[PDB]
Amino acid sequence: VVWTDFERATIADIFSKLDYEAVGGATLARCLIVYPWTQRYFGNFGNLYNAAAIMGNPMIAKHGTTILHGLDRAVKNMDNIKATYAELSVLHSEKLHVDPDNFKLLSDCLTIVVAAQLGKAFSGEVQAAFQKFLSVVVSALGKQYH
């Protein structure tokens, strides 16, 4: 990936605006509610199939925070995302056998959570930079063939 100046500024600009606990918690809850089969991957996380149950779940809140800090590592290493995610990619395939469609579903949920928070500021140009970032992230998280 070759990043433009606008893109680098936008991406760090977005993350500097997000409360990782709030936003991460909301993103993960959103995914497990909108695409409820993703719940299978967290079967050891408790009360999980009523919707107020997912929103109230402290384990889900914690794991959503973990996701946002994982994304932060790519924000601070934007020219070296693949290497940064080498262990996470192994984890999500070899160990957890997550189907890669799910990375897109979660990415879309995060985008929607972000768009609601930022409002008018999340223009198409801004969204374009965010989605390029998520596409690099998802490509690095998926099983590596090369």
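Each residue number is its position in the shown sequence, starting from 1.
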Item to complete: Compare the other PDB entries of this protein and indicate whether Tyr49 is left unmodelled in at least a third of them.
Response: yes
Worksheet item: Looking at the deposited entry, does 37-45 or 111-119 carry the larger mean Cα B-factor?
Response: 37-45
Item to complete: Quick one: say whether 130-138 or 18-26 has the higher mean Cα B-factor in the deposited entry.
Response: 18-26
Worksheet, complete the sentence: Entry record, C-alpha B-factors for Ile81, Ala51, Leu68, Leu91; the maximum is at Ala51
Fill in: Third of the chain, ranked by Cα B-factor, where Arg8 sits
lowest
Discussion item. Using only modelled residues of the chain, where does the Cα B factor of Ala86 rank: lowest third, middle third or highest third?
Written reply: lowest
